[PDB]
(Lines of atoms letter the chains of each structure in order from A and count residues from 1; the text may use other names and numbers.)
(Lines give C-alpha, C1' and ligand atoms only; values in the text may rest on other atoms or scores of the structure.)
Protein backbone atom coordinates (compact mmCIF):
# COMPACT_ATOMS: atom_id res chain seq x y z
CA UNK A 1 0.00 0.00 0.00
CA UNK A 2 2.43 2.73 1.32
CA UNK A 3 4.73 1.34 -1.48
CA UNK A 4 2.32 2.72 -4.21
CA UNK A 5 1.43 5.98 -2.28
CA UNK A 6 5.18 6.96 -1.94
CA UNK A 7 5.67 6.12 -5.68
CA UNK A 8 3.40 9.20 -6.44
CA UNK A 9 4.50 11.34 -3.38
CA UNK A 10 8.10 11.23 -4.77
CA UNK A 11 6.70 12.37 -8.19
CA UNK A 12 4.45 15.19 -6.76
CA UNK A 13 7.04 16.55 -4.22
CA UNK A 14 9.56 16.28 -7.12
CA UNK A 15 11.19 19.62 -8.08
CA UNK A 16 10.83 18.60 -11.81
CA UNK A 17 7.00 18.22 -11.40
CA UNK A 18 6.75 21.77 -9.89
CA UNK A 19 8.99 23.19 -12.71
CA UNK A 20 6.92 21.31 -15.38
CA UNK A 21 3.61 22.77 -13.99
CA UNK A 22 5.23 26.28 -13.85
CA UNK A 23 6.43 25.77 -17.48
CA UNK A 24 2.80 25.16 -18.60
CA UNK A 25 1.37 28.16 -16.62
CA UNK A 26 3.80 30.49 -18.49
CA UNK A 27 3.02 28.80 -21.85
CA UNK A 28 -0.80 28.68 -21.32
CA UNK A 29 -0.30 32.34 -20.22
CA UNK A 30 1.40 33.33 -23.53
CA UNK A 31 -1.30 31.16 -25.24
CA UNK A 32 -4.25 33.04 -23.62
CA UNK A 33 -2.59 36.38 -24.58
CA UNK A 34 -2.60 35.32 -28.29
CA UNK A 35 -6.22 33.95 -28.16
CA UNK A 36 -7.05 37.65 -27.40
CA UNK A 37 -6.40 38.26 -31.18
CA UNK A 38 -9.01 36.98 -33.75
CA UNK A 39 -6.25 37.36 -36.47
CA UNK A 40 -4.09 34.71 -34.65
CA UNK A 41 -7.27 32.71 -33.77
CA UNK A 42 -8.22 32.60 -37.52
CA UNK A 43 -4.79 30.95 -38.33
CA UNK A 44 -3.38 29.03 -35.27
CA UNK A 45 -6.81 28.95 -33.48
CA UNK A 46 -7.42 25.18 -33.06
CA UNK A 47 -3.81 24.30 -31.91
CA UNK A 48 -4.47 26.72 -29.00
CA UNK A 49 -7.89 25.20 -28.10
CA UNK A 50 -6.44 21.67 -27.65
CA UNK A 51 -3.29 22.93 -25.82
CA UNK A 52 -5.92 24.53 -23.46
CA UNK A 53 -7.88 21.22 -23.16
CA UNK A 54 -4.52 19.35 -22.53
CA UNK A 55 -3.12 21.80 -19.90
CA UNK A 56 -6.50 21.68 -18.04
CA UNK A 57 -6.65 17.78 -18.01
CA UNK A 58 -2.95 17.65 -16.89
CA UNK A 59 -3.76 20.27 -14.12
CA UNK A 60 -6.73 18.08 -12.98
CA UNK A 61 -4.37 15.04 -12.58
CA UNK A 62 -1.94 17.38 -10.70
CA UNK A 63 -4.70 18.33 -8.20
CA UNK A 64 -6.05 14.73 -7.79
CA UNK A 65 -2.40 13.61 -7.17
CA UNK A 66 -1.80 16.61 -4.77
CA UNK A 67 -5.03 15.53 -2.92
CA UNK A 68 -4.03 11.78 -2.70
CA UNK A 69 -0.48 12.84 -1.52
CA UNK A 70 -1.78 15.50 1.04
CA UNK A 71 -5.40 14.23 1.84
CA UNK A 72 -6.97 16.41 4.68
CA UNK A 73 -3.89 18.81 4.87
CA UNK A 74 -4.64 19.92 1.19
CA UNK A 75 -8.14 21.35 1.98
CA UNK A 76 -6.53 23.06 5.07
CA UNK A 77 -4.10 24.87 2.61
CA UNK A 78 -5.31 28.26 1.30
CA UNK A 79 -2.91 27.97 -1.68
CA UNK A 80 -4.22 24.48 -2.67
CA UNK A 81 -7.90 25.50 -2.16
CA UNK A 82 -7.15 28.41 -4.57
CA UNK A 83 -5.55 25.95 -7.10
CA UNK A 84 -8.62 23.65 -6.74
CA UNK A 85 -11.17 26.49 -7.42
CA UNK A 86 -9.11 28.30 -10.16
CA UNK A 87 -8.84 24.93 -12.09
CA UNK A 88 -12.43 23.82 -11.14
CA UNK A 89 -13.74 27.09 -12.80
CA UNK A 90 -11.78 26.00 -15.96
CA UNK A 91 -13.64 22.59 -15.85
CA UNK A 92 -17.33 23.79 -15.80
CA UNK A 93 -18.27 23.71 -19.55
CA UNK A 94 -18.94 26.96 -21.57
CA UNK A 95 -22.16 25.33 -23.04
CA UNK A 96 -24.57 26.07 -20.11
CA UNK A 97 -25.86 29.62 -20.98
CA UNK A 98 -23.10 31.35 -18.88
CA UNK A 99 -20.42 32.67 -21.34
CA UNK A 100 -18.98 34.67 -18.32
CA UNK A 101 -16.97 31.61 -17.10
CA UNK A 102 -15.15 31.41 -20.51
CA UNK A 103 -13.69 34.79 -19.42
CA UNK A 104 -12.65 33.60 -15.89
CA UNK A 105 -10.63 30.67 -17.44
CA UNK A 106 -7.57 33.03 -17.25
CA UNK A 107 -7.63 33.15 -13.40
CA UNK A 108 -5.63 29.87 -13.70
CA UNK A 109 -2.57 32.09 -14.49
CA UNK A 110 -2.71 33.10 -10.78
CA UNK A 111 -1.36 29.53 -10.16
CA UNK A 112 2.04 31.10 -11.10
CA UNK A 113 1.73 33.14 -7.84
CA UNK A 114 0.66 29.96 -6.01
CA UNK A 115 3.57 27.91 -7.49
CA UNK A 116 6.47 30.43 -7.08
CA UNK A 117 7.64 30.93 -3.45
CA UNK A 118 8.77 34.63 -3.74
CA UNK A 119 5.31 35.59 -5.13
CA UNK A 120 3.65 33.49 -2.32
CA UNK A 121 5.71 35.49 0.26
CA UNK A 122 4.64 38.93 -1.13
CA UNK A 123 0.95 37.94 -1.21
CA UNK A 124 1.27 36.57 2.41
CA UNK A 125 3.02 39.83 3.39
CA UNK A 126 0.33 42.11 1.84
CA UNK A 127 -2.54 40.02 3.37
CA UNK A 128 -0.82 40.02 6.85
CA UNK A 129 -1.98 43.68 7.37
CA UNK A 130 -5.70 43.03 6.73
CA UNK A 131 -6.85 41.27 9.95
CA UNK A 132 -5.79 44.33 12.10
CA UNK A 133 -7.76 46.54 9.65
CA UNK A 134 -11.01 44.42 9.92
CA UNK A 135 -12.74 46.52 12.65
CA UNK A 136 -11.77 49.80 10.82
CA UNK A 137 -13.16 48.40 7.48
CA UNK A 138 -16.36 47.47 9.47
CA UNK A 139 -16.61 51.05 10.85
CA UNK A 140 -15.99 52.53 7.35
CA UNK A 141 -18.61 50.14 5.84
CA UNK A 142 -21.16 51.14 8.53
CA UNK A 143 -20.34 54.80 7.72
CA UNK A 144 -20.92 54.16 3.96
CA UNK A 145 -24.20 52.25 4.78
CA UNK A 146 -25.55 55.16 6.89
CA UNK A 147 -24.52 57.83 4.34
CA UNK A 148 -25.73 55.67 1.40
CA UNK A 149 -29.16 55.34 3.11
CA UNK A 150 -29.29 59.13 3.83
CA UNK A 151 -28.33 60.15 0.23
CA UNK A 152 -30.90 57.68 -1.26
CA UNK A 153 -33.51 59.49 0.90
CA UNK A 154 -32.26 63.07 0.17
CA UNK A 155 -31.26 63.01 -3.55
CA UNK A 156 -32.58 59.74 -5.08
CA UNK A 157 -35.94 61.12 -6.37
CA UNK A 158 -34.32 63.99 -8.45
CA UNK A 159 -31.03 62.07 -9.03
CA UNK A 160 -32.04 58.38 -9.41
CA UNK A 161 -29.09 57.32 -11.70
CA UNK A 162 -26.70 58.28 -8.83
CA UNK A 163 -28.89 57.78 -5.68
CA UNK A 164 -32.22 56.14 -6.67
CA UNK A 165 -31.18 52.93 -4.82
CA UNK A 166 -28.96 52.00 -1.82
CA UNK A 167 -26.53 50.39 -4.33
CA UNK A 168 -26.51 53.44 -6.66
CA UNK A 169 -25.62 55.58 -3.58
CA UNK A 170 -23.07 53.06 -2.27
CA UNK A 171 -21.48 53.23 -5.81
CA UNK A 172 -21.64 57.07 -6.01
CA UNK A 173 -20.20 57.41 -2.45
CA UNK A 174 -17.23 55.21 -3.45
CA UNK A 175 -16.70 57.44 -6.55
CA UNK A 176 -16.77 60.50 -4.19
CA UNK A 177 -14.25 58.71 -1.84
CA UNK A 178 -11.83 58.24 -4.85
CA UNK A 179 -12.69 61.96 -5.61
CA UNK A 180 -13.43 61.03 -9.29
CA UNK A 181 -15.58 63.91 -10.72
CA UNK A 182 -17.04 64.35 -7.22
CA UNK A 183 -17.65 68.16 -7.76
CA UNK A 184 -18.05 68.79 -11.56
CA UNK A 185 -19.71 65.38 -12.07
CA UNK A 186 -21.91 64.95 -8.95
CA UNK A 187 -22.10 67.72 -6.30
CA UNK A 188 -22.18 70.80 -8.62
CA UNK A 189 -25.22 69.22 -10.40
CA UNK A 190 -26.89 68.30 -7.02
CA UNK A 191 -26.47 71.92 -5.85
CA UNK A 192 -28.54 73.19 -8.81
CA UNK A 193 -31.54 71.70 -6.88
CA UNK A 194 -30.07 71.17 -3.31
CA UNK A 195 -27.79 74.16 -2.66
CA UNK A 196 -26.65 72.88 0.80
CA UNK A 197 -25.71 69.41 -0.61
CA UNK A 198 -22.05 70.50 -0.05
CA UNK A 199 -22.85 70.08 3.70
CA UNK A 200 -23.23 66.28 3.03
CA UNK A 201 -20.27 65.65 0.64
CA UNK A 202 -17.36 67.87 1.97
CA UNK A 203 -17.66 66.32 5.49
CA UNK A 204 -18.04 62.82 3.91
CA UNK A 205 -14.78 63.58 1.97
CA UNK A 206 -13.09 64.86 5.19
CA UNK A 207 -14.05 61.81 7.35
CA UNK A 208 -13.30 59.14 4.65
CA UNK A 209 -9.97 60.81 3.63
CA UNK A 210 -8.82 61.48 7.24
CA UNK A 211 -9.51 57.81 8.16
CA UNK A 212 -7.50 56.33 5.23
CA UNK A 213 -4.48 58.59 6.07
CA UNK A 214 -4.75 57.80 9.82
CA UNK A 215 -4.90 54.05 9.05
CA UNK A 216 -1.58 54.31 7.11
CA UNK A 217 0.05 56.43 9.90
CA UNK A 218 -1.27 54.09 12.67
CA UNK A 219 0.17 51.04 10.73
CA UNK A 220 3.69 52.65 10.33
CA UNK A 221 3.91 54.24 13.89
CA UNK A 222 2.43 51.10 15.64
CA UNK A 223 4.85 48.77 13.69
CA UNK A 224 7.87 50.99 14.65
CA UNK A 225 6.67 50.82 18.31
CA UNK A 226 7.04 46.94 18.28
CA UNK A 227 10.60 47.06 16.69
CA UNK A 228 11.52 49.48 19.59
CA UNK A 229 10.02 47.06 22.20
CA UNK A 230 12.10 44.18 20.66
CA UNK A 231 15.29 46.38 20.97
CA UNK A 232 14.59 47.18 24.69
CA UNK A 233 14.62 43.37 25.47
CA UNK A 234 17.98 42.64 23.67
CA UNK A 235 19.64 46.01 24.72
CA UNK A 236 18.36 45.66 28.40
CA UNK A 237 19.09 41.84 28.58
CA UNK A 238 22.81 42.37 27.57
CA UNK A 239 22.89 45.17 30.27
CA UNK A 240 21.28 42.92 32.99
CA UNK A 241 22.46 39.36 31.97
CA UNK A 242 25.89 41.12 31.54
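Residue numbers count along the first chain shown, from 1.
- Here 54-62 and 186-194 are compared by their mean Cα B-factor, and 54-62 comes out higher.
- As recorded in the PDB entry, 71-79 is the stretch of 71-79 and 165-173 with the greater mean C-alpha temperature factor.
- Across the residues 144, 98, 110, 159, the deposited record lists the maximum Cα B factor for 98.
- Ranking 36, 42, 181, 209 by Cα temperature factor from the entry places 42 first.
- For residue 202, the recorded CA temperature factor ranks within the lowest third of the chain's modelled residues.
- Compared with the other modelled residues of the chain, the Cα B-factor recorded for residue 129 ranks in the middle third.
- Residue 152 sits in the lowest third of its chain by CA B factor, as recorded in the PDB entry.
- Split the chain's modelled residues into thirds by C-alpha temperature factor. Residue 139 is in the lowest one.
- Ranked by C-alpha B-factor against the other modelled residues of its chain, residue 92 falls in the highest third.
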